[PDB]
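The structure under discussion appears below in the form of structure tokens.
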Amino acid sequence: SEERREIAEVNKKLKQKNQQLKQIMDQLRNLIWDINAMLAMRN
Amino acid sequence: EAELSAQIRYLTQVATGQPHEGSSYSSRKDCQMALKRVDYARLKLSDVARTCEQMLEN
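From first to last, the protein sequence lines are chains 3 and K. Heads up, the authors' numbering is the position in the first sequence plus 135, with the first residue counted as 1. Heads up, the authors' numbering is the position in the second sequence plus 59, with the first residue counted as 1.
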């Protein structure tokens, strides 16, 4: 029964880890899109 | 006297009375835009590194 609580612990842990990874991924996406747009318009 | 007479002669050869419509503005403008692109990318990299430090910090 304690292993269920262990499961819930690690589930909450990587829930938070996945949301932080989503924020990192969104900021990288936006930086790539901005770089490509700004460099596309220079010509 | 020789140097100043020679330079007044040379200035007589290359004077026009017209205000020289050439410039270098567009290249400075493009260089400023390139530098501000670099600055924008620097700020965004600081933000991504800060979120990475928040993730690894726990």
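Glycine included, every Cβ here is placed at the ideal spot set by N, Cα and C.
Check: Should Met173 (chain 3) and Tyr99 (chain K) be called a contact, given that it needs their Cβ atoms to be closer than 9 Å?
Finding: Yes, these two residues count as a Cβ contact at 9 Å.
Item checked: Rounded straight-line distance, which links the Cα of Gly81 (chain K) to that of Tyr69 (chain K) -> C-alpha separation (whole angstroms): 22 Å.
Item checked: Pair within 9 Å by beta-carbon distance, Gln162 (chain 3) and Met114 (chain K) -> In this structure, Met114 (chain K) does not lie closer than 9 Å to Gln162 (chain 3) by Cβ.
Checklist line | Neighbouring residues, chain K, relative to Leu163 (chain 3) (Cβ below 8 Å) | finding: Here the neighbours are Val107.
Check: Using a C-beta to C-beta distance shorter than 8 Å, which residues of chain K count as neighbours of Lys150 (chain 3)?
Finding: None at all; the shortest Cβ gap to chain K is about 13 Å.
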